[PDB]
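For the sequence shown, mature numbering (1 follows the signal peptide of the UniProt record, and there is no 0) gives the first residue as 10, with consecutive numbering after it. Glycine residues also receive a C-beta, built at the ideal position from the N, C-alpha and C atoms. Working notes, beginning with the structure itself.
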Amino acid sequence: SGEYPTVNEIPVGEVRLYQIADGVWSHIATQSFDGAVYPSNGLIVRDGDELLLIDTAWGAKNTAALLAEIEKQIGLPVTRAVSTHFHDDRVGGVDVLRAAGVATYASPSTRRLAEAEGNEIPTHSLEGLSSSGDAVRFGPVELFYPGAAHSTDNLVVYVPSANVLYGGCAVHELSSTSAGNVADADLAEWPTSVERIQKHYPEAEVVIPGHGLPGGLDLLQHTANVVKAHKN
Ligand SMILES: CC(C)c1cccc2c(O[C@@H](C)c3ccccc3)c(C(=O)O)[nH]c12
Ligand SMILES: [Zn+2]
Ligand SMILES: [Zn+2]
């Protein structure tokens, strides 16, 4: 009924949308992994009479439910998707998207890592993002590679029309007391990567983490803080 939806409020297999700004939504779904249930976010950005999707809903059936929820609530077609790193909460569901006719994209790094992991693989490579600090336009968003953080390949997404910064899994929510799933992280580089984000997007008004509640720019420093406390 209005607040941002949390893990215990979303059965696995259901998807919620949350309006962030004019023409910008997050999507929220839950999934079981190693015997625990976690929420995760993605983004939807209106692209004229089409939609750009950022990240899957963490699984095939969740991603099918995402497409159905989009049709119910927005009623515009998803024509392109970008996955912001290679983990299943970002690419799991790409095959569903691809068969629905959505053109799926990720950096070459992400595609390689997804393939090596046995995860689903976006179709098209996003060039121009291989060096930290790189930025490219993609429809109504800018894609930015901040450097290694939560993963070596993680991308962030900015929506200039709305000053929305989607940090993906490189950015943690304010309530987080840990650094999440760090199996593929670079904890030593992560704070430098966050600094690059902070410097590049000083006008961001909303910051959306890969998991949990959006907030403001404080999420960026908080992320550096929780990573530093994990590394220590
Ligand atoms: C490798 C993927 C599929 C995965 C599986 C299971 C859990 C995670 C996870 O912990 C997230 C949910 C998290 C962030 C902060 C505090 C606690 C937890 C993350 C993340 O931090 O991005 N990724 C997860
Ligand atoms: Zn991840
Ligand atoms: Zn994640």
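What are the boundary residues of the alpha helix (DSSP H) that residue i is part of?
i: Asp56; result: Counting along the chain, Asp56 falls outside any alpha helix (DSSP H), though it belongs to the beta strand (DSSP E) covering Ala45 to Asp56.
i: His209; result: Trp199 to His209
i: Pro117; result: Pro117 to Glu126
i: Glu78; result: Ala69 to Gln82
i: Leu164; result: Taken as a continuous stretch (DSSP letters only), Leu164 belongs to no alpha helix (DSSP H), as it is neither H nor E.
i: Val105; result: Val103 to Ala108
Relative to the C-alpha of residue i, which residue among the options is closest?
i: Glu18; options: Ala197, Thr119, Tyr47 and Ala115; result: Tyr47
i: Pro155; options: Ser35, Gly148, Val191 and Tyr175; result: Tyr175
i: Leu85; options: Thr93, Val91, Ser92 and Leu76; result: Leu76
i: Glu214; options: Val173, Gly44, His239 and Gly189; result: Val173
i: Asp31; options: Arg120, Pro149, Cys178 and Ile37; result: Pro149
i: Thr232; options: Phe147, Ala192 and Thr186; result: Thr186
i: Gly68; options: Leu135, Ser170, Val87 and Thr39; result: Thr39
i: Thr119; options: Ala108, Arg99 and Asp104; result: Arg99
i: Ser49; options: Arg55, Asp97 and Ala112; result: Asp97
i: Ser41; options: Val54, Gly22 and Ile29; result: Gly22
Cβ-heavy atom distance between residue i and ligand 2 below 7 Å?
i: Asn190; result: yes
i: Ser160; result: yes
Given the structure, does residue i come close to ligand 1, in the sense that its CB is under 7 Å from one of the ligand's heavy atoms?
i: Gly219; result: yes
i: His209; result: no
i: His96; result: yes
i: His36; result: no
i: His239; result: no
i: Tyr175; result: no
Check for me: the beta strand (DSSP E) holding residue i runs from which residue to which?
i: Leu62; result: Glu59 to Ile63
i: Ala90; result: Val87 to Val91
i: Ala38; result: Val33 to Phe42
i: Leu152; result: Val150 to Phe153
i: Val145; result: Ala144 to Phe147
Taking 7 Å as the cut-off, is the beta-carbon of residue i closer than that to any non-hydrogen atom of ligand 3?
i: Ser185; result: no
i: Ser92; result: no
i: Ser134; result: no
Return yes when the C-beta of residue i is under 7 Å from any heavy atom of ligand 5, and no when it is not.
i: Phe42; result: This structure lacks ligand 5; its bound ligands are ligand 1, ligand 2 and ligand 3.
Report, in whole angstroms, the separation of the C-beta atoms of residue i and residue j, which I expect to be a contact under 8 Å.
i: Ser184; j: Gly225; result: In fact, because the Cβ distance is near 14 Å, the residues do not count as touching under 8 Å.
i: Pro117; j: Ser140; result: Not quite, the Cβ-Cβ distance comes to about 13 Å (not below 8 Å), so this is no contact.
i: residue 248; j: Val180; result: With the chain running from 10 to 241 in the structure shown, residue 248 is simply not present.
i: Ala171; j: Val87; result: The pair is not a contact, with the Cβ atoms about 19 Å apart (cut-off 8 Å).
Per the contact definition of three or more C-beta pairs closer than 8 Å, is the segment 119 to 126 in contact with the segment 58 to 69?
-> No contact exists between the segment 58 to 69 and the segment 119 to 126.
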